[PDB]
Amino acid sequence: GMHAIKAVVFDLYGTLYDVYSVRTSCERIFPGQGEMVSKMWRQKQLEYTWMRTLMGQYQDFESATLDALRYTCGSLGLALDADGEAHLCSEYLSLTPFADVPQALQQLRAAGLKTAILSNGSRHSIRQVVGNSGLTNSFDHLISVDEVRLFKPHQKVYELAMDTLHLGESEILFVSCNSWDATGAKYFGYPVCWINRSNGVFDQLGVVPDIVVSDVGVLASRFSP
């Protein structure tokens, strides 16, 4: 009556879609160095979300992406012209979905559950990545931190899931591959499922995730129509 999961809420980047899709195109421009440019870019992208929220300087995710691209190349000593910048950025809008995700999502819906994305992306960025993958019909709501002008893991961002879904905290399973994000949402109050894709270890940020699985299809296997 208040205690059981009714909605599954996903982060977008790194749980549903692979942010290192962009390595292929970094590789073209910087031969030999696709992994490392793209590993740094993502890291500093996440850092800039954190720093701007802590500083009171919100700028949307596309902007933070560019700023992080620019730092990363200057930092690594690499020239990138305007056309490079433009193309590598446009590439964040067409990340590949992880291979378990489409079927996982059909089964979550088949088990009678609402589905939503809660993400640092702009409204546009989210619609591009989901739209470009053809999984537009798989989600009931697509929620952007645009709505509050603060990034994860600010507590006002997690609040948007329950307010959009009109559900209690215990009714929402928040799902993420990133520990620090599951941890934010758990402190907000949602039960949390950590996807441990990599065989790693949870953050020591004071909280143990309710559910741990190796992939979204496992998560899906947990529910019954």
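Start at 1 and count along the sequence shown; that's the residue number.
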{"query": "Average Cα temperature factor in the PDB entry - higher stretch of 101 to 109, 127 to 135", "finding": "101 to 109"}
{"query": "Residue range whose averaged C-alpha B-factor is higher in the record, 185 to 193 or 31 to 39", "finding": "31 to 39"}
{"query": "Candidate residues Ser170, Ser179, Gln57, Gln45, the one whose C-alpha B factor the record puts highest", "finding": "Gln57"}
{"query": "Position of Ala220 among the chain's modelled residues by C-alpha B-factor, lowest, middle or highest third", "finding": "highest"}
{"query": "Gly74, C-alpha B-factor rank within chain (lowest, middle or highest third)", "finding": "middle"}
{"query": "B-factor third for the C-alpha atom of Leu80 within its chain", "finding": "highest"}
{"query": "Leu118 - Cα temperature factor, lowest/middle/highest third of chain", "finding": "lowest"}
{"query": "Chain third (lowest, middle, highest) by recorded CA B-factor, residue given as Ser90", "finding": "highest"}
